[PDB]
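Chemist: For reference, the file run-v7.cif (mmCIF, C-alpha atoms) is included below:
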```cif
data_coords
#
loop_
_atom_site.label_atom_id
_atom_site.label_comp_id
_atom_site.auth_asym_id
_atom_site.auth_seq_id
_atom_site.Cartn_x
_atom_site.Cartn_y
_atom_site.Cartn_z
CA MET A 1 96.68 77.31 115.30
CA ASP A 2 100.37 78.17 115.57
CA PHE A 3 101.99 76.18 112.79
CA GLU A 4 99.31 76.62 110.14
CA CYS A 5 101.73 77.42 107.33
CA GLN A 6 100.29 79.89 104.84
CA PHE A 7 102.35 81.85 102.29
CA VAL A 8 105.86 83.17 102.94
CA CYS A 9 105.93 86.33 105.03
CA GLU A 10 109.05 88.43 105.52
CA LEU A 11 110.00 90.95 108.17
CA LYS A 12 110.95 93.86 105.98
CA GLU A 13 111.90 97.41 106.83
CA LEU A 14 110.44 100.52 105.27
CA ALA A 15 112.79 102.74 103.28
CA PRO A 16 113.25 106.53 103.69
CA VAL A 17 111.97 107.97 100.42
CA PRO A 18 111.07 111.54 99.36
CA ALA A 19 107.35 111.23 98.78
CA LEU A 20 104.50 113.67 98.32
CA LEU A 21 101.12 112.59 99.62
CA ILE A 22 97.71 113.75 100.68
CA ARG A 23 97.03 112.60 104.22
CA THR A 24 93.28 112.16 104.17
CA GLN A 25 91.03 110.14 106.47
CA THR A 26 88.53 107.93 104.67
CA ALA A 27 86.44 104.77 104.99
CA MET A 28 86.83 101.29 103.48
CA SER A 29 83.77 101.91 101.33
CA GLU A 30 85.51 104.91 99.78
CA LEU A 31 89.20 103.97 99.73
CA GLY A 32 88.78 102.22 96.38
CA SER A 33 87.28 105.14 94.47
CA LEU A 34 89.67 107.47 96.29
CA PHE A 35 92.81 105.71 95.04
CA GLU A 36 91.53 105.53 91.46
CA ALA A 37 91.03 109.29 91.16
CA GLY A 38 94.04 110.03 93.33
CA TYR A 39 96.49 108.19 91.09
CA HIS A 40 94.91 109.68 87.98
CA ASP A 41 94.82 113.32 89.09
CA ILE A 42 97.73 114.10 91.40
CA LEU A 43 98.89 117.70 92.00
CA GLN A 44 99.14 120.45 89.40
CA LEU A 45 102.47 120.92 91.18
CA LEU A 46 103.85 117.56 90.06
CA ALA A 47 102.02 117.12 86.78
CA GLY A 48 102.51 120.82 86.09
CA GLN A 49 106.22 121.13 86.88
CA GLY A 50 107.04 118.79 84.02
CA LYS A 51 108.33 115.78 85.94
CA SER A 52 107.34 112.27 86.92
CA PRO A 53 107.46 110.07 90.06
CA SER A 54 110.75 108.18 90.33
CA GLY A 55 108.89 105.00 91.22
CA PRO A 56 105.48 103.30 91.63
CA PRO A 57 102.89 104.76 94.06
CA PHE A 58 102.73 103.26 97.54
CA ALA A 59 99.56 103.70 99.55
CA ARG A 60 100.19 103.85 103.28
CA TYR A 61 97.43 104.17 105.84
CA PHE A 62 97.75 104.94 109.53
CA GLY A 63 95.25 103.68 112.05
CA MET A 64 94.31 100.17 113.14
CA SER A 65 91.08 98.57 111.89
CA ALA A 66 88.35 101.17 112.37
CA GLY A 67 85.57 102.94 110.51
CA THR A 68 87.62 105.87 109.26
CA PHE A 69 91.41 105.69 109.00
CA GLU A 70 94.07 108.08 107.74
CA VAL A 71 95.53 107.26 104.32
CA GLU A 72 98.47 108.73 102.43
CA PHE A 73 98.82 108.13 98.67
CA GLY A 74 102.61 108.38 98.82
CA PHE A 75 104.16 109.15 95.45
CA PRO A 76 107.96 108.83 95.11
CA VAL A 77 109.87 111.90 93.96
CA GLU A 78 113.51 112.98 93.99
CA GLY A 79 113.15 115.86 96.41
CA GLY A 80 112.82 118.93 94.24
CA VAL A 81 109.04 118.99 94.32
CA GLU A 82 106.50 121.01 96.28
CA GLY A 83 102.94 120.28 97.31
CA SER A 84 99.84 122.34 97.96
CA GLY A 85 96.69 122.11 100.03
CA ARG A 86 96.67 118.71 101.68
CA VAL A 87 98.82 116.99 99.05
CA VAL A 88 102.30 117.90 100.23
CA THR A 89 105.82 116.54 99.95
CA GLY A 90 107.32 114.61 102.85
CA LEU A 91 109.79 111.94 103.91
CA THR A 92 109.25 108.39 105.14
CA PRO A 93 111.18 106.90 108.09
CA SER A 94 112.60 103.39 108.39
CA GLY A 95 110.92 100.73 110.49
CA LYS A 96 110.44 96.97 110.72
CA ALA A 97 107.10 95.58 109.56
CA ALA A 98 105.48 92.46 108.13
CA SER A 99 105.47 92.70 104.36
CA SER A 100 104.72 90.19 101.62
CA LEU A 101 104.61 90.68 97.88
CA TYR A 102 101.29 89.75 96.38
CA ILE A 103 102.26 88.71 92.87
CA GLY A 104 99.53 87.72 90.47
CA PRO A 105 95.78 88.28 89.96
CA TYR A 106 93.76 90.07 92.63
CA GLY A 107 90.85 88.98 94.78
CA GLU A 108 90.08 89.05 98.48
CA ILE A 109 93.20 90.82 99.73
CA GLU A 110 91.96 89.98 103.22
CA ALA A 111 93.37 86.48 102.70
CA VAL A 112 96.93 87.81 102.77
CA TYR A 113 96.19 90.00 105.80
CA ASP A 114 95.16 86.91 107.77
CA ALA A 115 98.44 85.26 106.77
CA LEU A 116 100.72 88.08 107.89
CA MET A 117 98.55 88.46 110.98
CA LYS A 118 99.34 84.88 111.99
CA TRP A 119 103.14 84.64 111.57
CA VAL A 120 103.93 87.74 113.65
CA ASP A 121 101.48 86.53 116.27
CA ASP A 122 103.65 83.42 116.67
CA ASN A 123 106.77 85.61 116.58
CA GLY A 124 105.57 87.62 119.53
CA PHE A 125 106.19 91.00 117.93
CA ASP A 126 104.10 94.14 118.26
CA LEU A 127 102.73 96.92 116.02
CA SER A 128 105.04 98.40 113.42
CA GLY A 129 103.14 101.63 112.88
CA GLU A 130 101.16 101.94 109.65
CA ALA A 131 100.21 99.64 106.77
CA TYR A 132 101.51 99.74 103.18
CA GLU A 133 100.17 98.84 99.76
CA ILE A 134 101.88 99.61 96.46
CA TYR A 135 101.02 99.40 92.77
CA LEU A 136 103.93 98.58 90.48
CA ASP A 137 102.99 99.20 86.83
CA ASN A 138 99.55 98.77 85.30
CA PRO A 139 97.57 95.47 85.50
CA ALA A 140 96.70 93.29 82.49
CA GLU A 141 99.11 95.06 80.14
CA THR A 142 102.19 93.37 81.59
CA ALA A 143 100.38 90.12 82.50
CA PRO A 144 98.51 89.63 85.82
CA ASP A 145 101.16 87.30 87.22
CA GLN A 146 103.62 90.18 87.06
CA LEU A 147 101.52 92.51 89.17
CA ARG A 148 103.39 92.78 92.44
CA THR A 149 102.23 94.43 95.64
CA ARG A 150 104.34 94.24 98.78
CA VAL A 151 101.55 94.47 101.32
CA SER A 152 102.80 95.44 104.74
CA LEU A 153 100.60 95.74 107.81
CA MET A 154 100.64 96.44 111.52
CA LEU A 155 101.93 93.66 113.73
CA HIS A 156 99.37 91.96 115.95
CA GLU A 157 96.63 94.44 116.87
CA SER A 158 93.35 93.46 115.20
CA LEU A 159 93.33 94.12 111.44
CA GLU A 160 89.75 92.87 111.19
CA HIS A 161 89.05 93.39 107.52
CA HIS A 162 87.15 90.67 105.68
CA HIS A 163 85.04 90.52 102.54
CA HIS A 164 83.93 86.89 102.97
CA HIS A 165 82.49 85.24 99.86
CA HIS A 166 79.98 82.74 101.23
#
```
Now that the file is in, can you turn its structure into structure tokens?

Modeler:
Amino acid sequence: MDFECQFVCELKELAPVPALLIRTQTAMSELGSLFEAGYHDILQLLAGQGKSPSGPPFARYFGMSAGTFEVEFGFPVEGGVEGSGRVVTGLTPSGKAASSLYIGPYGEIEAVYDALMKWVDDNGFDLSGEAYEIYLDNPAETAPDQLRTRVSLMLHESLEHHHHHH
């Protein structure tokens, strides 16, 4: 169960980007609906200052596999933006983590978690910090096989998240 060989995982660092986000703790049976509305309606500050994010939204969540974890929507700006309430502007630090770009149609994203869980296990590395998802462009309109999501997760802790279709 060492050399199982599944996908190609890379040790990639996180980049320091000016990003506004709402750090909110939520559950797995909530995260989905949360992101939908969060990407659609994001700050009268941003969408009311007459400007746009300088890149695609990256959803980072802090907290190993648990009932409720702390998520941050993470929208990329240039720096001259302000937040309000719980959705405020911040800065990301750099750090090494296991990341892999999921390019193509979606499904049980748990399958890729298990993959990245395994390679770092063999490596003998430890937790990176928080986990990262990211949505580049809109699905279906630019073909499914061009939907790319560099999914990064914590290194060797638990990450027990499984849908299981059987």

Chemist: Carefully work through the PyMOL selection byres ((chain A and resi 145-161) around 6) for this structure and note down the residues it includes, as a PDB file with C-alpha atoms, in the coordinates of the input.

Modeler:
```
ATOM      1  CA  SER A  65      91.080  98.570 111.890  1.00  0.00           C
ATOM      2  CA  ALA A  98     105.480  92.460 108.130  1.00  0.00           C
ATOM      3  CA  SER A  99     105.470  92.700 104.360  1.00  0.00           C
ATOM      4  CA  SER A 100     104.720  90.190 101.620  1.00  0.00           C
ATOM      5  CA  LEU A 101     104.610  90.680  97.880  1.00  0.00           C
ATOM      6  CA  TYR A 102     101.290  89.750  96.380  1.00  0.00           C
ATOM      7  CA  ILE A 103     102.260  88.710  92.870  1.00  0.00           C
ATOM      8  CA  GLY A 104      99.530  87.720  90.470  1.00  0.00           C
ATOM      9  CA  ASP A 121     101.480  86.530 116.270  1.00  0.00           C
ATOM     10  CA  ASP A 126     104.100  94.140 118.260  1.00  0.00           C
ATOM     11  CA  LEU A 127     102.730  96.920 116.020  1.00  0.00           C
ATOM     12  CA  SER A 128     105.040  98.400 113.420  1.00  0.00           C
ATOM     13  CA  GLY A 129     103.140 101.630 112.880  1.00  0.00           C
ATOM     14  CA  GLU A 130     101.160 101.940 109.650  1.00  0.00           C
ATOM     15  CA  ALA A 131     100.210  99.640 106.770  1.00  0.00           C
ATOM     16  CA  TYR A 132     101.510  99.740 103.180  1.00  0.00           C
ATOM     17  CA  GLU A 133     100.170  98.840  99.760  1.00  0.00           C
ATOM     18  CA  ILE A 134     101.880  99.610  96.460  1.00  0.00           C
ATOM     19  CA  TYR A 135     101.020  99.400  92.770  1.00  0.00           C
ATOM     20  CA  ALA A 143     100.380  90.120  82.500  1.00  0.00           C
ATOM     21  CA  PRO A 144      98.510  89.630  85.820  1.00  0.00           C
ATOM     22  CA  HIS A 162      87.150  90.670 105.680  1.00  0.00           C
TER      23      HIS A 162
END
```

Chemist: Ranking A:123, A:84, A:92, A:138 by minimum distance to residue A:13 and counting all atoms listed in the file, which one comes first?

Modeler: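 Smallest distance to residue A:13 is found for A:92.
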
Chemist: Just give me the gap between atom CA of residue A:43 and atom CA of residue A:69 in Å, one decimal is fine.

Modeler: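 Calculated distance between atom CA of residue A:43 and atom CA of residue A:69 is 22.1 Å.
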
Chemist: When you look at residue A:35 with a cut-off of 12 Å (counting all atoms listed in the file), what residues show up, excluding the ones that are within fewer than 6 positions of it in the same chain? I need them as a ChimeraX atom specification.

Modeler: /A:21-22,24,26-29,41-42,57-61,71-75,133-135

Chemist: Output C-alpha atoms for every residue in that selection, as an mmCIF file, keeping the file's coordinate frame.

Modeler:
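Result written to selection_26.cif:
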```cif
data_model
loop_
_atom_site.group_PDB
_atom_site.id
_atom_site.type_symbol
_atom_site.label_atom_id
_atom_site.label_comp_id
_atom_site.auth_asym_id
_atom_site.auth_seq_id
_atom_site.Cartn_x
_atom_site.Cartn_y
_atom_site.Cartn_z
ATOM 1 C CA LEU A 21 101.120 112.590 99.620
ATOM 2 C CA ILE A 22 97.710 113.750 100.680
ATOM 3 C CA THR A 24 93.280 112.160 104.170
ATOM 4 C CA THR A 26 88.530 107.930 104.670
ATOM 5 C CA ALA A 27 86.440 104.770 104.990
ATOM 6 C CA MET A 28 86.830 101.290 103.480
ATOM 7 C CA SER A 29 83.770 101.910 101.330
ATOM 8 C CA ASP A 41 94.820 113.320 89.090
ATOM 9 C CA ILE A 42 97.730 114.100 91.400
ATOM 10 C CA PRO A 57 102.890 104.760 94.060
ATOM 11 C CA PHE A 58 102.730 103.260 97.540
ATOM 12 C CA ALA A 59 99.560 103.700 99.550
ATOM 13 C CA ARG A 60 100.190 103.850 103.280
ATOM 14 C CA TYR A 61 97.430 104.170 105.840
ATOM 15 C CA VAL A 71 95.530 107.260 104.320
ATOM 16 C CA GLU A 72 98.470 108.730 102.430
ATOM 17 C CA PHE A 73 98.820 108.130 98.670
ATOM 18 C CA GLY A 74 102.610 108.380 98.820
ATOM 19 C CA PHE A 75 104.160 109.150 95.450
ATOM 20 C CA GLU A 133 100.170 98.840 99.760
ATOM 21 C CA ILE A 134 101.880 99.610 96.460
ATOM 22 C CA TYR A 135 101.020 99.400 92.770
#
```

Chemist: Report, in Å to a single decimal, how far apart atom CA of residue A:8 and atom CA of residue A:118 are.

Modeler: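 Separating atom CA of residue A:118 from atom CA of residue A:8 is a distance of 11.3 Å.
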
Chemist: How many Å separate atom CA of residue A:9 from atom CA of residue A:113?

Modeler: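 A separation of 10.4 Å between them.
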
Chemist: Which residues, written as a list in words, have at least one atom at most 12 Å from residue A:52, with only C-alpha atoms counted and residues fewer than 3 positions away on the same chain left out?

Modeler: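 Using only C-alpha atoms, the neighbours found are residues 19, 20, 42, 43, 44, 45, 46, 47, 48, 49, 55, 56, 57, 75, 76, 77, 78, 79, 80 and 81 of chain A.
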
Chemist: Please dump the current selection as a PDB file, in the coordinates of the input; keep C-alpha atoms.

Modeler:
```
ATOM      1  CA  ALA A  19     107.350 111.230  98.780  1.00  0.00           C
ATOM      2  CA  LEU A  20     104.500 113.670  98.320  1.00  0.00           C
ATOM      3  CA  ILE A  42      97.730 114.100  91.400  1.00  0.00           C
ATOM      4  CA  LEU A  43      98.890 117.700  92.000  1.00  0.00           C
ATOM      5  CA  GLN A  44      99.140 120.450  89.400  1.00  0.00           C
ATOM      6  CA  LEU A  45     102.470 120.920  91.180  1.00  0.00           C
ATOM      7  CA  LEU A  46     103.850 117.560  90.060  1.00  0.00           C
ATOM      8  CA  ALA A  47     102.020 117.120  86.780  1.00  0.00           C
ATOM      9  CA  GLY A  48     102.510 120.820  86.090  1.00  0.00           C
ATOM     10  CA  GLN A  49     106.220 121.130  86.880  1.00  0.00           C
ATOM     11  CA  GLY A  55     108.890 105.000  91.220  1.00  0.00           C
ATOM     12  CA  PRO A  56     105.480 103.300  91.630  1.00  0.00           C
ATOM     13  CA  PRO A  57     102.890 104.760  94.060  1.00  0.00           C
ATOM     14  CA  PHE A  75     104.160 109.150  95.450  1.00  0.00           C
ATOM     15  CA  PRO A  76     107.960 108.830  95.110  1.00  0.00           C
ATOM     16  CA  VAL A  77     109.870 111.900  93.960  1.00  0.00           C
ATOM     17  CA  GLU A  78     113.510 112.980  93.990  1.00  0.00           C
ATOM     18  CA  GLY A  79     113.150 115.860  96.410  1.00  0.00           C
ATOM     19  CA  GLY A  80     112.820 118.930  94.240  1.00  0.00           C
ATOM     20  CA  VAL A  81     109.040 118.990  94.320  1.00  0.00           C
TER      21      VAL A  81
END
```

Chemist: Which of these residues is nearest to residue A:1, using only C-alpha atoms: A:36, A:97, A:122, A:53?

Modeler: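 Among A:36, A:97, A:122, A:53, it is A:122 that comes nearest to residue A:1.
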
Chemist: Would you mind telling me which residue in A:88, A:5, A:140, A:11 lies nearest to residue A:115 when using all atoms listed in the file?

Modeler: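 Of A:88, A:5, A:140, A:11, the one nearest residue A:115, counting all atoms listed in the file, is A:5.
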